[PDB]
Structure formats: structure tokens, C-alpha cells
Amino acid sequence: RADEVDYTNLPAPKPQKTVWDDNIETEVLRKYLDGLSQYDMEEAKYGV
Amino acid sequence: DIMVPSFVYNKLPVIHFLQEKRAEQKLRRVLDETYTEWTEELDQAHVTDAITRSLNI
């Protein structure tokens, strides 16, 4: 009868960076879209 | 009638040359002061970002 499991342990939510379609509208908004992705990843890591 | 005229005639070439050089110098200075001023305008990405924030997104 050895250790079974750490109920405390939780697998971290593996984030995925959002990918935008490569059109001209993306190039004009490249910086803005990148900021949104960074915000999305930060929200996923922290939770909200 | 004789002397002053002769010396003026002798002066003419050097003065003409110097004045031509002076005019060339003026033109050169005029050209050298010309620089193209590239203006910088607020990037529209920040405008787009502020628009998004106003939407409460």
C-alpha cells in the first residue's frame, strides 16, 4: 500500500496562442492582434 | 584720361572672377541648407487599440 495520488496537484491549463489569418488586415493590425494574443495567454495562465 | 582707365581695365578680370566665385558660393550655400524633413504621425494601431478598449472588450 504505497502512495496513490496527490489530489492537491492539478495539471496547469496548457495555453494556446491564438493565430490570425494572414491577410492584409492582419499586417496592418499586427501589433494590435499580437497584444490581444498576449492578453489572452496572460488571462489563461492567471485564470481571468 | 590715361592712367586711371588703364588700371581699372587691369582690375576688371580679377574682380569678375571673384564675383563669379562669390555667386557660386551663394548658390552652394543655398543648396547645402536643403534637408528633407520626414514627419512622424501617430500610428493607427494605438487608435485601433483604444477603440477596442472603449468597446469594453
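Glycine gets a Cβ as well: all are built from the backbone with ideal geometry, and neighbour counts include every protein chain shown. Each value in this text was obtained by applying a stated rule to the coordinates, not by laboratory testing.
For the stretch A:19-48, how many residues are part of a loop (DSSP other than H, G, I, E, B), surrounded by fewer than 12 Cβ atoms within 10 Å (Cβ to Cβ) and within 14 Å of chain B (Cβ to nearest Cβ)? It would help to see each step written out before you state the result.
Filtering the stretch A:19-48 for residues part of a loop (DSSP other than H, G, I, E, B) gives A:19-23, A:29, A:47-48.
Those still in the list that are surrounded by fewer than 12 Cβ atoms within 10 Å (Cβ to Cβ) too: A:19, A:21-23, A:47-48.
Next cut, within 14 Å of chain B (Cβ to nearest Cβ) only: none.
Number of matching residues: 0.
Among the residues of the stretch A:11-19, are any in contact with a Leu (Cβ under 9 Å, 6 or more places away or on another chain) and under 19 Å from B:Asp43 (Cβ atoms)?
Looking through the stretch A:11-19, none of the residues is in contact with a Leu (Cβ under 9 Å, 6 or more places away or on another chain) and under 19 Å from B:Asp43 (Cβ atoms).
Among the residues of the stretch B:12-45 satisfying the criterion of being within 14 Å of chain A (Cβ to nearest Cβ) and aliphatic (A, V, I, L, M), which is surrounded by the most Cβ atoms within 10 Å (Cβ to Cβ)? Give the derivation first.
Filtering the stretch B:12-45 for residues within 14 Å of chain A (Cβ to nearest Cβ) gives B:42-45.
Imposing the further condition that a residue be aliphatic (A, V, I, L, M) reduces the set to B:42, B:45.
Working: B:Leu42: 7, B:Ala45: 16.
Here the residue is B:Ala45.
Please enumerate the residues belonging to the stretch B:1-28 that are acidic (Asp, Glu) and not in a helix (DSSP H, G or I). Explain how you work it out, then say what you get.
Of the stretch B:1-28, the ones acidic (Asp, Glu) are B:1, B:20, B:24.
Passing the criteria: only B:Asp1.
Please count how many residues of the stretch B:29-48 are over 30 Å from A:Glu25 (Cα atoms) and acidic (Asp, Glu).
2
Under the condition of being part of a helix (DSSP H, G or I) and within 21 Å of A:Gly35 (Cα to Cα), which residue from the stretch B:29-51 is nearest to the chain's Cα centre (by Cα)? If you could, list the steps in order and put the result at the bottom.
Keep residues of the stretch B:29-51 that are part of a helix (DSSP H, G or I), which gives B:29-32, B:44-51.
Those left that are additionally within 21 Å of A:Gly35 (Cα to Cα): B:44-51.
On the way: B:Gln44: 33, B:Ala45: 36, B:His46: 36, B:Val47: 37, B:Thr48: 40, B:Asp49: 41, B:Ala50: 41, B:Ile51: 43 Å.
My answer is B:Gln44.
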